[PDB]
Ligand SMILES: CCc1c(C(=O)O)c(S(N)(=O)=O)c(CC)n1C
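The chain below stands alone and is given as structure tokens, in the form solved without this ligand.
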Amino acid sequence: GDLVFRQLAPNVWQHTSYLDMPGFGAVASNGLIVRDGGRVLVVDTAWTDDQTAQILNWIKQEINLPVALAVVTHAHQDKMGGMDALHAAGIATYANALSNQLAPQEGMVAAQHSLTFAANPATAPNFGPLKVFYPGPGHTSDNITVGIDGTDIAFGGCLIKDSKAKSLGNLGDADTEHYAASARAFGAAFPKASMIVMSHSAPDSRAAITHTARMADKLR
């Protein structure tokens, strides 16, 4: 139901937001709140439609300036989940073109403009100060990773994950046969992002990247 913020760089806030959906009890999910001059921008929305309202609320209350846009890492209820709020707050949603199709084909909303130049599996567009990067199929075929160039922040998302939870999390509608290839993608798509944020508890280091491909092969 709720929402937490861990300032983890100048310009940049982390979004936590807890529900008892996946990780047994209360689980975590992450987007980031990025600030682009006066503009304000977000990778990914919480679990629900009210958890992305409070992302917006604690933003005017403590960041201030107005949101323009919100990029969704993929067509999964943790990553879309909240959308309708973005729409109602005249926010431009930007799903990657393979997302806007697995959305209403797996119980959810499709983002406004569709992101591309990244449909075909080791690509990137640009974005103000932000970098959308596609790494192939992994956690879902449309999972999408982002770094803010000058913060050594990467966001692999539901793709890269914490050494904390034993295995790899929800791996439903996806491809294991590329995953381990695709965790690499970023390690070298942003060779520098020391601050790898991930969408289930605190940013580890550049070692989850590596361990995940190690891991996805422990269970393969």
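If you superpose the two forms and keep the largest set of C-alpha atoms that fall within 1.5 Å, you have the rigid core. Numbers for residues come from their place in the sequence shown, where the first is 1.
Although not depicted, the form solved in complex with this ligand is the subject of the following passage.
Not displayed here, this ligand is kept clear of residue 176 by more than 4.5 Å at the level of heavy atoms in the entry with it bound.
Contact between residue 53 and this ligand in the entry with it bound is not found at the 4.5 Å heavy atom cutoff.
Although the partner is absent here, residue 78 is a contact residue: one of its heavy atoms lies within 4.5 angstroms of this ligand in the entry with it bound. In the entry with it bound, none of the heavy atoms of residue 66 sits within 4.5 Å of a heavy atom of this ligand.
Contact with this ligand, judged by heavy atoms within 4.5 Å in the entry with it bound, is confined among 162-170, 54-62, 34-42, 183-191 to 162-170.
Interface residue among 70, 158, 46, 154, judged by heavy atoms within 4.5 Å of this ligand in the entry with it bound: 158. Contact annotation for the candidate site: 15, 85 and 91 all lie away from this ligand in the entry with it bound (no heavy atom within 4.5 Å). Contact residues in stretch 8-39 (any heavy atom within 4.5 Å of this ligand, taken in the entry with it bound) are 21, 27.
A movement of the C-alpha atom of residue 57 falling short of 2 angstroms is seen between this form and the one not shown when the two forms are aligned on their rigid core.
Comparing the forms between this form and the one not shown, the C-alpha position of residue 194 differs by less than 2 angstroms, with the core used for superposition. Relative to the superposed rigid core, the position of the CA of residue 21 differs between this form and the one not shown by 2 Å or more. A shift of at least 3 angstroms brings the Cα atoms of residue 126 and residue 37 nearer to each other in the entry with it bound than in the displayed structure. Relative to the shown form, the CA atoms of residue 160 and residue 23 are pushed 3 Å or more farther apart in the entry with it bound.
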